RNA sequence: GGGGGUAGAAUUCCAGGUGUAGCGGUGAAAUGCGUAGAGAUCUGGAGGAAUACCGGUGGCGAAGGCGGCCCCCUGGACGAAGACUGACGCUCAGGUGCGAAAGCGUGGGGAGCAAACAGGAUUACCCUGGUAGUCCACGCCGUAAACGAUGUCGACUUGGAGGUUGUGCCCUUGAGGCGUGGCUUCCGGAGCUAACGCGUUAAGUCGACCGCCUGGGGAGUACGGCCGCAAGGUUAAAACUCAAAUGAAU
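Chains as they are written, first to last, in PDB author numbering: chain V, 14 to 74; chain W, 15 to 268; chain U, 2 to 89; chain O, 1 to 106; chain R, 13 to 129.
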């Protein structure tokens, strides 16, 4: 799952697309049922990938 | 909405005694209302000139039981007209008083200070917060624009305090009576009064900083040193006479 | 914080051997090392109070250890404060 | 002496002059005893939003062990160079050598 | 004075008015109508009825070019958000897409003093 | 915690396009903006302040407090196994330091908001502009319902539901079983309490040291000292006056 048994890479777009909504926001942990620690890692990875233009900030076009 | 008239009889004896209205003086008591303040005028004045903004009150005010034909009634707003017109009609400065809504009691005296001589003395009852500022002096926290402007025209003397429980639906504030009577001569005359207002407003708009930059939008340090004004004191430390000094200078020079 | 090599060198110098790491002399030396290093950091970042609060703890602990050493043995105390430049 | 991970992307039009950049940077890193544990080129990749009127870019990933000075030098050259549009260096706990999932999927 | 086969409907559904503007791919406007410029005033100016009246008026104002298809962009939370698209497709228009465009800041400037009511 | 870079949304302004007559605001209007083309919609730039989603009843800090991403310098807490010193401890009057917001001094900056001020209305509150200020560097000020209204340290005394963060052992698809630590939220037993309530994170049972209280008003006021550029802070009475003032529950 999201909690890979090691760490969460920020170069894995295929996995990171599971935890974002259509608009590109991050899905809260209530819906996914993921641990808090790995949720924090998720947020950091998604933000980093957003900086490098590997994911959309919102939906400009 | 509801106003709160004066009911207690013990308090309104001092007011009547303090005014001491005799015969031969022009009394212009605005807003009689229920005549709560003119009924204790039963020593009478053989005449009085009354001003009432409401026709309904004026209509059901022309007869009373005894009032009838002693007074002339005007139905225009006091803030609008020329008091001095009714000054050569009789020939003497008018003696007036009122119990107006504190709300509207401020603009009238500044509409009355212009007409000067047509006015001899005044006895109004105002809020305690405001009365203290009027009679205040420098180096306090009750010192302000109102004090300087009023003290430039007339003399301010408190007359009577009204504890809050004297009026029906009594408020949360205390009222007071002050006696003001315009000066016979100006201790410090100023060519243009509006420039004096300009200076005082600008100085007291930054009441908490030094005048080197509070009032430095118009002046310079060496100029204020010329007139002997310390450039490192707050606006509340400047005496009225000093405030008339740069009032004169700003017109004498450019 | 101190590097592991610097800590090991100080321990080897002041200690009885390579495992006596809890003697008063070694502790005072380690604290002095840290203090001397941190003046350089605080010369540049003077507006950083939250770490100056730990530097003060270092200084106070060193003073308490020195007083205990004074009362226990005097000659060792004199030799130590001469060896480290403490108290002029 | 620390481990880093540098990722930078370059103008698609200058996608042919990257070898010189890579060679220069490799020489600079290795000159000061630093090692290189992983070096990858993803080629041209389509951008996810228009970075100042462009689309697509040439992507470079490179894992390094090195001291602070060479990294500051690399940062300064990136800042002063023009063909590079966006770069990012990260510190990492320890060395890695396994290829990115990105290369394998391609 | 020119035939186009695509169009964009923009509505500004504020809390005090509504404005509908028709434009092309490049964003060059064709015709516009306002709820308050259709003989409405006062609270009546914010009612959905004025919105549909302005929608019809603007539709009639853009048939000289022969528009047959467009999609709608909504910008605002106010009333009149939905009546306009209905009155528009009732005037010979096909709705390809419906989009919400109202901006949201990521904590930008500070907002005014809210209604102490 | 200190320093330096950088990104994307939004508001305002500027310059360009398409376009024609209203926009904004209110309970209704007016001041106001516009035919020198507004408002609307698309393209480019300038500048300042703040970091949506994640976000939690979650985490860190002595308290005040701390929120985009990356690097450099740096303080504390916790856990595993082993080694070392040998009472090196606890508390602390005077003293020293840190300390929201507002406010001040010298010099910058100024997009949004907005005391004062300038206008327009209605019978308070409302609407349109808008200065100080909010921001930065360096000094001052030293106060808050600065609150858990609960001083710091140590030991002992039945339980039940949750959250967050380490670690040992077995077989091992392990979110599989048996343990062992730290911090934190809610119920409730004995006991305590005027009651409300607290209840192993005590307001229970004890020991060490410190601060403070003595009917209500006058009064945290006056006079004096110390501190401050100023505003003011701190230490701190009496004459007189009343027979009450107060807390919890019914």
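All residues carry an ideal CB built from backbone N, CA and C; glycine is no exception.
I'd like the list of long-range same chain contacts for residue i, defined as Cβ closer than 6 Å, with 5 residues on each side in sequence excluded.
i, result
"residue 23(V)", "58, 61, 62"
"residue 32(O)", "70"
"residue 56(U)", "39"
"residue 142(W)", "188, 190"
"residue 25(U)", "66, 70"
"residue 83(U)", "none"
"residue 97(O)", "37, 38"
"residue 79(R)", "19"
"residue 183(W)", "18"
First and last residue of the beta strand (DSSP E) that includes residue i?
i, result
"residue 172(W)", "168-176"
"residue 58(O)", "57-66"
"residue 36(O)", "35-45"
"residue 191(W)", "189-196"
"residue 103(O)", "First-last for residue 103(O): 101-105, but that is the alpha helix (DSSP H), not the beta strand (DSSP E)."
"residue 63(W)", "62-65"
According to DSSP, which residues form a beta bridge with residue i?
i, result
"residue 87(O)", "8(O)"
"residue 135(W)", "109(W)"
"residue 35(R)", "20(R), 41(R)"
"residue 112(R)", "86(R)"
"residue 8(W)", "Here chain W comprises residues numbered 15 to 268, so residue 8(W) is not present and cannot be evaluated."
"residue 3(O)", "65(O), 92(O)"
"residue 141(W)", "189(W)"
"residue 81(R)", "106(R)"
"residue 89(U)", "BP columns for residue 89(U) are empty, so no partner."
Going along the chain, which residues of its own chain have a beta-carbon closer than 8 Å to the beta-carbon of residue i, five neighbours each way excluded?
i, result
"residue 249(W)", "217, 218, 220, 221, 225, 228, 229"
"residue 48(R)", "29, 57, 62"
"residue 31(V)", "15"
Does the beta carbon of residue i sit closer than 7 Å to a beta carbon anywhere in chain O?
i, result
"residue 41(V)", "no"
"residue 24(V)", "yes"
"residue 13(V)", "Because chain V is modelled from 14 through 74, residue 13(V) falls outside the range shown and cannot be assessed."
"residue 91(V)", "A query on residue 91(V) cannot be resolved here, the shown segment of chain V reaching from 14 to 74 and no further."
"residue 48(V)", "no"
"residue 53(V)", "no"
What are the start and end residues of the alpha helix (DSSP H) that includes residue i?
i, result
"residue 91(R)", "Where residue 91(R) is concerned, there is no enclosing alpha helix (DSSP H), given that its DSSP letter is neither H nor E."
"residue 43(R)", "Premise fails: residue 43(R) lies in the beta strand (DSSP E), 41-46, not in any alpha helix (DSSP H)."
"residue 28(V)", "26-29"
"residue 51(V)", "49-64"
"residue 67(U)", "50-73"
"residue 31(W)", "28-33"
"residue 227(W)", "225-228"
"residue 40(U)", "25-45"
"residue 17(U)", "Premise fails: residue 17(U) is in no alpha helix (DSSP H) and is neither H nor E."
"residue 206(W)", "Counting along the chain, residue 206(W) falls outside any alpha helix (DSSP H), and DSSP gives it neither H nor E."
"residue 121(W)", "119-126"
"residue 259(W)", "254-266"
Return the chain-ordered list of same chain residues with a C-beta closer than 7 Å to the C-beta of residue i, the five sequence neighbours on each side being excluded.
i, result
"residue 26(R)", "88, 90"
"residue 137(W)", "32, 33, 111, 173, 191, 193"
"residue 206(W)", "265"
"residue 74(R)", "34, 42, 43"
"residue 59(U)", "32, 35, 36"
"residue 242(W)", "none"
Within the 7 Å Cβ cut-off, does residue i reach chain V?
i, result
"residue 54(O)", "no"
"residue 101(O)", "yes"
"residue 47(O)", "yes"
(Q) Quick check: the segment 93-107 of chain R against the segment 53-70 of chain R, are at least 3 beta-carbon pairs closer than 8 Å? (A) yes
Q.
Tell me whether the segment 77-84 of chain O and the segment 48-55 of chain O touch, counting them as touching only if at least three CB pairs, one residue from each stretch, are closer than 8 Å.
A. no
Q. For the 8 Å Cβ check, are there 3 or more pairs between the segment 122-140 of chain W and the segment 82-101 of chain W?
A. Verdict: yes, contact present.
Q: Examine the Cβ distances between the segment 108-119 of chain R and the segment 33-48 of chain R and report whether three or more of them are shorter than 8 Å.
A: no
Q: Evaluate contact between the segment 54-65 of chain O and the segment 42-61 of chain U, counting only Cβ atoms and requiring at least three cross-stretch pairs below 8 Å.
A: no
Q. Can you find at least 3 beta carbon pairs, one from the segment 79-89 of chain W and one from the segment 56-69 of chain W, that sit closer than 8 Å?
A. Short answer: they touch.
Q. Are at least three pairs of beta-carbons, each pair with one atom in the segment 2-17 of chain O and one in the segment 86-103 of chain O, less than 8 Å apart?
A. yes
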